[PDB]
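Colleague: Can you read through this structure? Questions will come right after.
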Amino acid sequence: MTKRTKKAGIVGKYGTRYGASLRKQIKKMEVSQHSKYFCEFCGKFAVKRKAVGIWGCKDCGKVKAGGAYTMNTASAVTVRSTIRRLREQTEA
Amino acid sequence: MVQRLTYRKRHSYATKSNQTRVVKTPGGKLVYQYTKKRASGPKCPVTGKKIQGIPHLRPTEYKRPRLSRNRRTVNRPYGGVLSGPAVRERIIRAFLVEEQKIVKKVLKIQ
Amino acid sequence: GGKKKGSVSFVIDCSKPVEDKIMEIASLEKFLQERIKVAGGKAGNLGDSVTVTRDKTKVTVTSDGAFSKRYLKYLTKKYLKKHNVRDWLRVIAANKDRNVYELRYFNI
Amino acid sequence: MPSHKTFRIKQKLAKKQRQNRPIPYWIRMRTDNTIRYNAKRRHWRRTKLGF
Amino acid sequence: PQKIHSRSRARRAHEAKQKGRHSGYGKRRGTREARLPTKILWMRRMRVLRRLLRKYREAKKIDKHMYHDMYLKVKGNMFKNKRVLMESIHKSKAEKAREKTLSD
Amino acid sequence: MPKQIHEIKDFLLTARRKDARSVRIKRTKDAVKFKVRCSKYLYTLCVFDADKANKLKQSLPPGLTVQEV
RNA sequence: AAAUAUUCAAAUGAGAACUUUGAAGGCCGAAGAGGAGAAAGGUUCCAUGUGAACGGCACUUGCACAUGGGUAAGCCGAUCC
RNA sequence: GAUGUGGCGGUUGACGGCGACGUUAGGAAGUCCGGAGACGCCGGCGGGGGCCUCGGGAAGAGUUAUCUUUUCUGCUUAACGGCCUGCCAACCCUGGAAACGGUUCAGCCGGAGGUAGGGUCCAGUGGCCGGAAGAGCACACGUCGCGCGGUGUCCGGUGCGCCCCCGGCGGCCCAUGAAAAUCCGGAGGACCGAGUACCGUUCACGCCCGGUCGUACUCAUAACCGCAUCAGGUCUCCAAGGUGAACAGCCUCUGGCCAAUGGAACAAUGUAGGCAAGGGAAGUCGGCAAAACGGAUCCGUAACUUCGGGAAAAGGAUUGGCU
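Order-wise, the sequence lines are chains W, F, P, Z, A and Y.
Numbering-wise (our numbering), the first sequence opens with residue 400 and increments by one.
Numbering-wise (our numbering), the second sequence opens with residue 2 and increments by one.
Numbering-wise (our numbering), the third sequence opens with residue 136 and increments by one.
Numbering-wise (our numbering), the fourth sequence opens with residue 3 and increments by one.
Numbering-wise (our numbering), the fifth sequence opens with residue 80 and increments by one.
Numbering-wise (our numbering), the sixth sequence opens with residue -15 and increments by one.
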């Protein structure tokens, strides 16, 4: 674009410092902090990070639990699915 | 110099409660006066937005005073407490639960 | 357009210490020559013809030019010390006393 | 703020101010004789008064 | 009292910066942006232009569609001044006018 | 002083009371008007017309110790 | 001997580079050598008297010594929390 | 704290307004629940006050050989109250949008109804009036004096100005930024409601009362702390004008000193400050500091690099008065 090759966020923050490996993890989780997410409730691409582990949708006002940096997590999907399956079979 | 401002009473620190605003006298002299902090908004608990129809002042003003009965309140229920579009949401909830409850009860016994 | 003038009638008053306490023909005489001198000759803010009549002990100048206001108090200060060791024998007031001026202005 | 208001200190300041007065001429006769050159008159610029 | 001012020297100098002058590199330059930060000047481009365009649409001299594209171009800063925008508005109207007569 | 009133009747009712009064007539000013000092609060009635103003001053109760100033 | 710096005339007094007044020259240069409050000191503030000691010069002057006076709050603070 | 007068309430515990909400009253026990007290820091932006800039105008002052309708200065309006008034934020109603719109420093208004039209609200603030000129300020005159009589004291303008405030936003975080006295509200409806009176007594008006303690003044190159009238140190508020980015330096206003023992010569030698032809670090353990470069605009910009930087690389040129 301008004087930008790839993108940064935190690469630009450093200067020369920190290093190539270190920026890989944190770049992914800081873009996630910035990242708009779609609410389950309203469906708008509103939801933003209220705090660590806390997400809040501005429009509907709905506050939701989630991962630290990101809306959900791979682990969260796994945990809910097994619980729902166990509940479904037992209730039968 | 320029007509100077000094801690006019006592308390010689620039605290939040002793933020000041300059006033000019009929003498033509500048001095600041002690002014209490500007009011926030009273919130509605569910939405978190400011509560309409309610003037907001220091609690000292807002209690048994020069003000008449009306100025503390709005006529509707939850006048100072909930915002008005918030009040109707709980009237709707009250309606839904009662009508649903009779339907649930008769279903279970049968 | 219309009528615009600055009609100042010049009054000489006897008050204040610094010599004696007297009047003189010279004070009203000085008024005319200096008015013409400072105002007249110009590229700038004026452009005028100076007309004068003289009363019993007042000289009245009506000039087809600038005002007669703030400007006339300012010009009189200049006249004082350019010539003649006096002045401090006048500058009374209360009311529009001293030299009274009436401003004729164009309508707007 | 005031200029330490507390009464306990305040009374001592009053007492010491009264105490820091010169010896009065007459008494030197009504002691018999002995040089009554006080001692308990102090000056503020030098020393320090403890409470 | 005790002496006097020195407004008279200063005011004439200010009047000589009201009238061009003495604004070559040497005398006029302290540290870089700080004389007038230039951020506010960029915002001034947004503000002046958006008032003019908004006034035109709501008074009805242009259509809403003409406003819509023009507003986005102002954000891009494709117009740097009061003028050049003036030509653009009139050009837009003329092109759409030529289109409209062709359509009917 | 806190209040200016325009109702003649309201002024008159206060005026009959014991509390006090003072009255001002002078040049055309902010200052000029008929003032009634009630104990906590002061009501001021500005009578614009000269004739009516003079009558208002005449209407003043004889027992009350009103200040001419 | 750091801190840009004094000088002239008058007043007074036994006595005046230094006091006091004028005139003049300057200086701090409004993040002040400024107007005030905190803290601290405790009467130092001011009058009047006034040079024994003290202001490492001087001195009739003093933040000195002597003699007097002065700090008034329903609303400012403490208090209350 | 006492009360009396008026009004409030017989639809028994007020109406009007589409509503948002308006107003001189307009029951409310136990209890409940909320909100107020009540909140970080930085950035830019908005509006306000004062200060700054400036024209006209009414007074006094100065320049005043000479020139200048020039220059300087007073020109003020409170707490508190009335009436009126704030946009952002927010909310109500109309209406039904695709050639989708308005709009933020983060995409947020509107598809759970916008843009647009008409309202409503928070009342910082200004206005005009009350305060309040009866004051104060500047003049003239008077000694008629410990004080006399008169006026005039007004009306505009401008913004990246300066300071502070206040508003609503935005950045930040594995950091998400107190609590209480103080305190009203609503929900709650028990209980008590009368008529020639009883009920309201969060209303207006009237009557009385308000105790305890501190208040001098300095706040520092001399009232504090370092034995001390010590060049040191010591928390905070106000912050003019120019040049200029400047709350830099320098000069000055306003405020404050003129007391830094004084005089004479002004030697070497010191200490502190400058400059030197030609040469240019050969000096020296060593470029130690003196000295030079320096601000900015334009041009130009390296091997290398975690691609963010180096970078103001280097290196050059330019820079006034005035019209």
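Think of the CB as a built atom: it goes at the ideal place given N, C-alpha and C, for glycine as much as any other residue.
Starting from P/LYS140, trace the beta strand (DSSP E) both ways and give me its first and last residue.
Modeller: Start and end: 140 to 145.
Colleague: Which two residues bound the contiguous alpha helix (DSSP H) that contains P/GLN168?
Modeller: Segment 161 to 174, the alpha helix (DSSP H) holding P/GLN168.
Colleague: Hey, F/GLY81 and F/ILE55 are a contact pair by Cβ (cut 8 Å); roughly how many whole angstroms apart?
Modeller: That belief holds up - the Cβ atoms of F/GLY81 and F/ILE55 are roughly 5 Å apart, short of 8 Å.
Colleague: Please return the same chain residues whose Cβ sits closer than 6 Å to the Cβ of W/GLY466, not counting the five positions on each side in sequence.
Modeller: Closer than 6 Å at Cβ, skipping near neighbours: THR472.
Colleague: For a quick check, are the C-beta atoms of F/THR21 and F/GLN34 less than 9 Å apart?
Modeller: Yes, Cβ-Cβ distance for F/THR21 and F/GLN34 is below 9 Å.
Colleague: Within 10 angstroms of its Cβ, does P/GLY141 collect 16 or more other Cβ (buried), or is it exposed?
Modeller: The residue is buried, with at least 16 neighbouring Cβ atoms inside 10 Å.
Colleague: Which residue from F/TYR14, F/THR36 and F/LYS17 puts its Cα closest to that of F/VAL24?
Modeller: The candidate whose alpha carbon is nearest that of F/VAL24 is F/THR36.
Colleague: From the DSSP output, read off the bridge partner residues of Z/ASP34.
Modeller: Beta-bridge pairing links Z/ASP34 to Z/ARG32.
Colleague: Give the DSSP bridge partners of A/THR117, in chain order.
Modeller: None; A/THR117 has no bridge partner.
Colleague: On the DSSP letters alone, give me the boundaries of the alpha helix (DSSP H) that residue 186 of chain A sits inside.
Modeller: What is shown of chain A runs 80 to 183, which leaves residue 186 of chain A out entirely.
Colleague: Relative to the C-alpha of F/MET2, which residue among F/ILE93, F/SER18, F/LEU31 and F/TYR14 is closest?
Modeller: It is F/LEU31 whose Cα lies nearest to the Cα of F/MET2.
Colleague: Do P/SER144 and P/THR186 come within 9 Å of each other at the CB atom, strictly closer than that value?
Modeller: Going by C-beta atoms, P/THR186 is not nearer than 9 Å to P/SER144.
Colleague: Thinking just about the alpha-carbon of each residue, which of A/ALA92, A/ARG124 and A/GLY109 is nearest to the one in A/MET157?
Modeller: The option with the nearest alpha carbon to A/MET157 is A/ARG124.
Colleague: Does the segment 12 to 30 of chain Y come into contact with the segment 161 to 181 of chain A, if we say contact requires no fewer than three beta-carbon pairs (one atom in each stretch) closer than 8 Å?
Modeller: Cβ pair count under 8 Å is below three, so no.
Colleague: For P/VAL173, which residues from the same chain have a beta carbon less than 8 Å from its beta carbon, with the 5 sequence-adjacent residues on both sides left out?
Modeller: Within the same chain, P/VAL173 has close Cβ partners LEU210 and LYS213.
Colleague: Quick check: the segment 145 to 163 of chain P against the segment 6 to 16 of chain Z, are there 3 or more CB pairs under 8 Å?
Modeller: At 8 Å Cβ cutoff, the stretches do not touch.
Colleague: On the CB-based measure, 16 or more other CB atoms within 10 Å of its CB, does Z/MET31 come out buried or exposed?
Modeller: Label assigned to Z/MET31: exposed.
Colleague: Smallest Cα separation from A/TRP121: which of A/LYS134, A/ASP148, A/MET145 and A/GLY155?
Modeller: It is A/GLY155.
Colleague: What separation, rounded to the nearest whole angstrom, lies between the Cα atoms of W/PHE440 and F/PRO78?
Modeller: Taking the straight line joining both Cα atoms gives about 29 Å.
Colleague: If I follow the unbroken alpha helix (DSSP H) through P/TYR206, where does it start and stop?
Modeller: Here the alpha helix (DSSP H) through P/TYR206 covers 205 to 217.
Colleague: Please report the straight-line C-alpha distance between P/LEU215 and A/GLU112, rounded to a whole angstrom.
Modeller: Going by the C-alpha atoms only, they are around 52 Å apart.
Colleague: Distance check for A/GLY103 and A/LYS96, CA to CA, integer angstroms please.
Modeller: C-alpha separation (whole angstroms): 12 Å.
Colleague: Helix, strand or coil for F/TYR35 per DSSP?
Modeller: F/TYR35: strand per DSSP, three-state reduction.
Colleague: Are the CB atoms of W/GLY455 and W/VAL462 within a distance shorter than 9 Å?
Modeller: Result yes, Cβ atoms of W/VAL462 and W/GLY455 sit closer than 9 Å.
Colleague: Between the Cα of Y/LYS10 and those of Y/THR28, Y/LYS24 and Y/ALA34, spot the shortest distance and give me the residue it belongs to.
Modeller: Cα-wise, what sits closest to Y/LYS10 is Y/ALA34.
Colleague: Have a look at P/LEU224, P/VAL153, P/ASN219 and P/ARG239 and flag the residue whose alpha-carbon is nearest the alpha-carbon of P/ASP199.
Modeller: Of the candidates P/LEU224, P/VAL153, P/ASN219 and P/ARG239, the one whose C-alpha sits nearest the C-alpha of P/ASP199 is P/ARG239.
Colleague: With A/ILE168 as the anchor, note down where its alpha helix (DSSP H) starts and where it stops.
Modeller: Counting along the chain, the alpha helix (DSSP H) containing A/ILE168 begins and ends at 164 to 182.
Colleague: How about Y/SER43 and Y/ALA4: do their beta carbons lie closer than 9 Å?
Modeller: In this structure, Y/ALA4 does not lie closer than 9 Å to Y/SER43 by Cβ.
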